Amino acid sequence: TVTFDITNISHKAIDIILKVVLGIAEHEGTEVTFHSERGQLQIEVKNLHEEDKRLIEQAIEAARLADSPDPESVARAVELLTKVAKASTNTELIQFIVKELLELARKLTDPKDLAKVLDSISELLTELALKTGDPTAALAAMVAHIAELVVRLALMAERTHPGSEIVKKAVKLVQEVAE
Amino acid sequence: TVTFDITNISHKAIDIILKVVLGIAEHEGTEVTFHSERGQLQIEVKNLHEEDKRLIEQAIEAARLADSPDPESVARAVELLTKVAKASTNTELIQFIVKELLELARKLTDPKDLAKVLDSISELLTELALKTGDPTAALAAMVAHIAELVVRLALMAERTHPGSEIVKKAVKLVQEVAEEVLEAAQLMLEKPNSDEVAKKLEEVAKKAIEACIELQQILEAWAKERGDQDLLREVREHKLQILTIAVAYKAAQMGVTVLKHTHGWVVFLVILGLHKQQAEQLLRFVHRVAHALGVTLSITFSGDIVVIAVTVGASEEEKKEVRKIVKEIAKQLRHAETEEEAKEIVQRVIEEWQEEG
Amino acid sequence: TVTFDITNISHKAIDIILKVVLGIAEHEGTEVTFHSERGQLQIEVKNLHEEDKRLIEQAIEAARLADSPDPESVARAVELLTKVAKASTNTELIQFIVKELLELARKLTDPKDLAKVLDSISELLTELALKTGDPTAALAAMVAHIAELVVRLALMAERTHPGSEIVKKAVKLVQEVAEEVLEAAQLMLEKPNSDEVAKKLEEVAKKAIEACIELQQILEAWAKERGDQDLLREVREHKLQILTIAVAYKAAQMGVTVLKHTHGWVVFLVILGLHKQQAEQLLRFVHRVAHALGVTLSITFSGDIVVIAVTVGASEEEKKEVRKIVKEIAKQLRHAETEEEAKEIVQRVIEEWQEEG
Amino acid sequence: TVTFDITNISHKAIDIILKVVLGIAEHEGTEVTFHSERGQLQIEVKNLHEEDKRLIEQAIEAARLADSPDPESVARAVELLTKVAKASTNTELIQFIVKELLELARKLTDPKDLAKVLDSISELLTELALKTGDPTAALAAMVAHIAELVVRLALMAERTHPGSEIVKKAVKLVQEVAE
């Protein structure tokens, strides 16, 4: 048997947790036991594989970050949850945490963070063009590549000026592209 | 002949009578002789049976009341009309009466009297739901008894502190519960087995449980102000029961069987024979309805069987005992072939849990 | 008015028509008048409709034939009497019609003459689902497609030589399968949705499949004596069809849905949503019919879904291809949700298998 | 994956195979894949555990011995099948083995084989006491030990007596007791 746990994680975020752990338990003859305290949650699991123990762990870190005020924690949250997206094999977990990704996308303001979000969106799209099955989705690979070139340019939005109205315009039109 | 008299009933009530009396009389081709004026009426019917005559007389006692202003007469009226609704053979003849109950509900503006509307609604839906064969026969009771908690709670709240003005919240809440359910019953009559009837008889619960919950918290406030350990024990248990109802209401929409128990500070449940995605479809509801209340709980599952239990105010070792129980229940259910075995198995755990002392 | 002039009916037919006419009057209160002088009869009625008249007319056309010994007249009788059973609604009238099919059916000595007797039974079993709400009743009609197949299964022999000792065995078998099914129909009408009829249905079902199975091997012997590759194609397909239908019988009793497909040298099934503790019954029954026929088959059992496929036999490459397709069917199903997704994705892999040709 | 073959099957034996080779994964839904073709049968499985591989192995010996005419192979078949009963987890399965153990019991004759059956049914009853929890199954084991004493004694009788109708009668009375 394997055991795992959290404290303080917000009632906003825990629906993502809940969706992951049950979702994994349905596979490969695995089973779970589970306790809740309106401020604490605990997981116990039958014969979990360590790569899935990482998946659950990684989701738990992202859930710790998800409801935080800190932009770097938001940026990191998108990164880690995007690792959860490309790790996740079921369609609905993606269908859900991308919705959260969009709710996170409007938070950001800072070039490298937004750039890593666009880069994470490149991971999402590069999975999604394959996860949609049939080859007519290949357009999204070009969109993702355009996002890459956007972020390669976005380095200049940090480097070239001390936060002028021109680089603010650049960030905001880029944020529109992200949304 | 039988020969009624319908003296002094008003225009709308004659419209009820002439429909129900023909709608009953026609089945055996019977002779009828109405006579009518400004403000008076009388009837004969040839060869109408005693057990049929009492349906007409009950419709007449409703008709002789249905234009009263008095809330208590309205309370009797909804009961009488409910009896007529149970006894009636044709569902459109039920539609033709149950629509008037919407006026009774919207007219009524005291919670202690709304008691009877929120009561009678249960029976009103119950007979139609059982006769049409949908799982809606529970969902009517599930909402109605959850609403009756609000009636009970309102009564004891006002009895705890006279002039409890906040009850105006409850009045509007339970009124909208009544309006929503009565119209959902109208849709269920019009569109039996339909996906829109499934969507409405799903939706009612969402507003219902929220409406239940607030008055539980308001009694929890009055109980905190009074401090009586007996009243505290009563209100906390009046919390616990709400979850015990709603879990059925959601399981029922899947066709899933549920079994439940209650002892002191603990609620126990099993939700049998559950496939794939549905454990989220269950828990994503069966979490929040708990998290709303300040409850503490234990959850476990093993392929197509799920086991849950709930408590308030227990020690860590009592909670551990609940964990022991549910984990044991899950393991001991796994090999069982039928729900008749499950019933014995959970009963065995609960009897042995008491026998260890 | 409506009038009619029935002649030469015996007391039996008089009792039938007397039940039918007052059985029609019961909804309407119509002034019947019979008249009678033994050997001859008349009726008048008022206020009957043209479709009612056609129910009476077809009832009396059965009645003025049901005296007669000729198998062709029996073939008409058994065609007509089920129409009376479709059209009417009083359960005892259905029984008092259906009880005559029983004493008609036993008469017939020749397989092509009992053709319609078996069809009529298959029609009645189709009616039992409508009359009782249990799909296991029409499921017995899926078994009763064998009762149609029986005509083919004799006919192939008769179109080369008539009346062999094996054809004589066939009529006794299929008569017995008729007799027990018409009894099981009788018990279903007398006490619908019950464990005694469920048992005596199964008790003939296990014989019905055997009766088909024995007929295949005489077709097979006849076909290998003929040596024609097209007749050999006909018998392999008529073999494969048995399992294809009969497997549904235990599947839909267990409450699981079924899906199936055919491509001339292969047959596919998937059966879905099994609660695990009972699946070995479906499998054990799938094994019996399989080994009885001498087919090759492939199975995969994964979570709550089971895939089966069957063949006359092919190269080891075609065999391992079929095994691959079966595994892909399981793999692509196991984390889908709906019966619709099954319909789609099974069709899709069959299409993806065929479009590379 | 794990995999096994059965060849030169007896069609009469197959259900004793069938109910365990399905049955082991039935607790959790682990994939079993299965092919059969009129006297040949093959099974393949995901992550099957060591003692469960031995459960299958023992069964697929037993179903090859189950209708062999050689008496020592029948004694072995009792030993194996009774080890299948020792390995039992389910409650219905054992019924299907015991009805075969009856069909074996009445075709035994010789003292060593008799000892294997008496001893192994004593085991079956001791296992059945652990499965049922009732002291009357402990009584049944005591009666099987009374028989065991008769069998430890019969193994003296078969080499002290010169062979006679008296010792034939005795072993036949003992066999009747065993049934």
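Cβ atoms come from the backbone with ideal geometry, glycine included; neighbour counts cover every protein chain shown. Every number in this text was worked out from the coordinates using simple rules, so none of it is lab data.
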Residue that is part of a loop (DSSP other than H, G, I, E, B), among the basic types (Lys, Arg), farther than 23 Å from B:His335 by Cα and touching a residue at least 12 places away in the same chain (Cβ under 8 Å), where the choices are D:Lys116, D:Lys107, D:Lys112: D:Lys107
For region B:283-305, which residues satisfy the criterion of being under 26 Å from the mean Cα position of the chain (by Cα) and more than 10 Å from chain A (Cβ to nearest Cβ)? B:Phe285, B:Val286, B:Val289
Among the listed residues B:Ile16, B:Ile60, identify the single one that is within 27 Å of B:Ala129 (Cβ to Cβ), more than 14 Å from chain C (Cβ to nearest Cβ), out of contact with any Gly (no Cβ under 7 Å at 6 or more places or on another chain) and not in a loop (DSSP other than H, G, I, E, B). B:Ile16
Evaluate region C:125-143: report whether one residue or more is outside any helix (DSSP H, G or I) and crowded, with 17+ Cβ neighbours inside 10 Å. yes
For B:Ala330, state whether it is in contact with a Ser or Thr (Cβ under 6 Å, 6 or more places away or on another chain), assigned to a helix (DSSP H, G or I) and within 11 Å of another protein chain (Cβ to nearest Cβ). yes
Could you pull out the residue among C:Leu259, C:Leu243, C:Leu274 that is outside any helix (DSSP H, G or I), within 14 Å of chain D (Cβ to nearest Cβ) and not charged (D, E, K, R)? C:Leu274
With the checklist (1) buried (at least 21 other Cβ atoms within 10 Å of the Cβ); (2) at the interface with chain A (Cβ under 10 Å from one of its Cβ atoms); (3) among the acidic types (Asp, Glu) in hand, flag the one item B:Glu280 doesn't pass. (1)
Output the number of the condition that B:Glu318 fails; it satisfies all remaining conditions of (1) outside any helix (DSSP H, G or I); (2) more than 8 Å from chain A (Cβ to nearest Cβ); (3) more than 26 Å from D:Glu28 (Cα to Cα). (1)
Confirm whether A:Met142 is closer than 16 Å to A:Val171 by Cα and part of a helix (DSSP H, G or I). no
Being over 30 Å from C:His335 (Cβ atoms), acidic (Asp, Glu) and either under 19 Å from the mean Cα position of the chain (by Cα) or surrounded by fewer than 10 Cβ atoms within 10 Å (Cβ to Cβ) (or both) is the filter here, so list the residues in region A:125-167 that pass it. A:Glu148, A:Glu165
When only residues in region B:203-221 that are within 16 Å of B:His291 (Cα to Cα) and β-branched (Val, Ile, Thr) count, which is surrounded by the most Cβ atoms within 10 Å (Cβ to Cβ)? B:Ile209
With (1) out of contact with any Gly (no Cβ under 7 Å at 6 or more places or on another chain); (2) under 20 Å from D:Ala140 (Cβ atoms) as the list, and D:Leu93 as the residue in question, which single condition is left unmet? (1)
Criterion violated by A:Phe96 - all others in (1) within 14 Å of chain B (Cβ to nearest Cβ); (2) surrounded by 15 or more Cβ atoms within 10 Å (Cβ to Cβ); (3) in contact with a helix residue (DSSP H, G or I) (Cβ under 7 Å, 6 or more places away or on another chain); (4) not in a helix (DSSP H, G or I) satisfied: (4)
Could you tell me whether any residue of region D:81-93 is assigned to a helix (DSSP H, G or I), surrounded by 17 or more Cβ atoms within 10 Å (Cβ to Cβ) and facing another protein chain (nearest Cβ under 10 Å)? yes
Inside region A:6-43, the number of residues satisfying the requirement of being over 27 Å from B:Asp304 (Cα atoms) and touching a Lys or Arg at 6+ places or on another chain (Cβ under 7 Å) is 1
Does A:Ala66 count as within 30 Å of B:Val312 (Cα to Cα), small (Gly, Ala, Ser), away from every other protein chain (no Cβ under 14 Å) and within 11 Å of the chain's Cα centre (by Cα)? yes
Scanning region D:1-60 residue by residue, those polar (S, T, N, Q) and either part of a helix (DSSP H, G or I) or at the interface with another protein chain (Cβ under 7 Å from one of its Cβ atoms) (or both) turn out to be D:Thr30, D:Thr33, D:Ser36, D:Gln58
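Conditions (1) over 15 Å from B:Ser88 (Cα atoms); (2) touching a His at 6+ places or on another chain (Cβ under 9 Å); (3) more than 14 Å from chain C (Cβ to nearest Cβ), marked per residue:
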| residue | (1), (2), (3) |
| --- | --- |
| B:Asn8 | yes, no, yes |
| B:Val20 | no, no, yes |
| B:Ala25 | no, no, no |
| B:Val32 | yes, no, yes |
| B:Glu37 | yes, no, yes |
| B:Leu41 | yes, yes, yes |
| B:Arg54 | no, no, yes |
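Rundown of residues vs (1) farther than 30 Å from B:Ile325 by Cα; (2) under 18 Å from the mean Cα position of the chain (by Cα); (3) not polar (S, T, N, Q), yes/no style:
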position: A:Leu22; (1), (2), (3): no, no, yes
position: A:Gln42; (1), (2), (3): no, no, no
position: A:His49; (1), (2), (3): no, no, yes
position: A:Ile60; (1), (2), (3): no, yes, yes
position: A:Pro71; (1), (2), (3): yes, yes, yes
position: A:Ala77; (1), (2), (3): yes, yes, yes
position: A:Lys83; (1), (2), (3): yes, yes, yes
position: A:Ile97; (1), (2), (3): yes, yes, yes
All conditions in (1) more than 29 Å from the chain's Cα centre (by Cα); (2) not in a helix (DSSP H, G or I) are true of C:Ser68 except (1)
Identify the residue in region B:33-77 that is surrounded by 12 or more Cβ atoms within 10 Å (Cβ to Cβ) and of a type in the set (S, T, N, Q) and, among all such residues, is nearest to B:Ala115 (Cα to Cα). B:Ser73
